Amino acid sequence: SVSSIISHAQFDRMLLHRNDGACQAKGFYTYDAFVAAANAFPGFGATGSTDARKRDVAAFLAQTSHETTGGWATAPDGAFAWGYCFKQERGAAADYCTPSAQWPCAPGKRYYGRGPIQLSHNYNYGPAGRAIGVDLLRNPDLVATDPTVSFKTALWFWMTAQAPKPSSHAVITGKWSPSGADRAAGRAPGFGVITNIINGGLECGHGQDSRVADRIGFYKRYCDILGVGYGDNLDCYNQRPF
C-alpha cells in the first residue's frame, strides 16, 4: 500500500547508485523488500494528508540513507544519490553486547550496525526482533542477509517512540504534541527534530553541522522526486538535544 505513495521507479531514482560496484550492499536492498516490510507497519506512508504521507516516506528514506551513505562531494549525481550503499558497520566494529536479562546476548554473536538504520546493541536487536516476529538476538546477521527483515528493523525504529522522544513517524505526520520542555528547547515539529531523535547529542544544538546537512540533502532530493514540499524546521542547529 505504501506503493501508492512511492513507485518502484521513484524508489530507484532516489536510491540511484546503491547497486554500483563500489557499494558493499549492492544487490541487497530491493523495492519489493521495502514494500513487504512496509506491510508490517500499516501506518507508515498511510497516515495524514497525501503530503504528510509523502514526507513520511521521504524522511524515512533520507535518515536511513544517511546511515548507509556511500556519497562524497564529487560523486556522480551528487552525494545524495548514494544512500543505501552499505548494510553493515564498516571496520572491525565491536560486540555491542551489554548485560541484559530482558534481551540477553547470544554466545558468539555481535550486535554491530546492520541494515538501513544501522540497528546496534542487543537491547535494540531484542525489541526489534520481537516486533517483527524474528529472533534477532540469536540470529542478528539476518538484519544484513534478509532485505525484508533489514527494512523491517528500520521501520520498527521509525515507528517506535522513546519517550520523551516521540516516534519519527509521529513527528513527520504531524501527530506529535511537543511538551513545555520541548518548546523551551526549541524543538519544533519538522525533519530537524527527527535528526535530534536519532543522534541529537552529537549533531544538534551547536550550529551548522555537516552531518545534519547531509540528512537534509537526502530529504530534499527525495521530497523533490515525490513532488512534495519539505515542511518547516529542517535543521536542529538551535535545538537542545533530548
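Residue indices: 1-based, along the sequence shown.
Stretch comparison (177-185 versus 59-67) by mean CA B-factor in the PDB entry places 177-185 on top. Per the PDB record, of the two stretches 143-151 and 72-80, 72-80 carries the greater mean B-factor over its C-alpha atoms.
Highest C-alpha temperature factor among 124, 118, 102, 167 per the entry: 102. Between the residues 114, 130, 110, 138, the entry's highest C-alpha temperature factor is the one at 138. The entry lists a Cα temperature factor for residue 22 that places it in the highest third of the chain's modelled residues. Annotation for residue 94: C-alpha temperature factor in the lowest third relative to the rest of the modelled chain, per the entry. Remark: residue 190 belongs to the middle third of its chain, ranked by C-alpha B-factor as recorded.
Ranked within its chain, residue 45 lands in the highest third, by CA B factor from the PDB record.
Residue 134: CA B factor in the highest third of modelled residues in this chain (values from the PDB entry).
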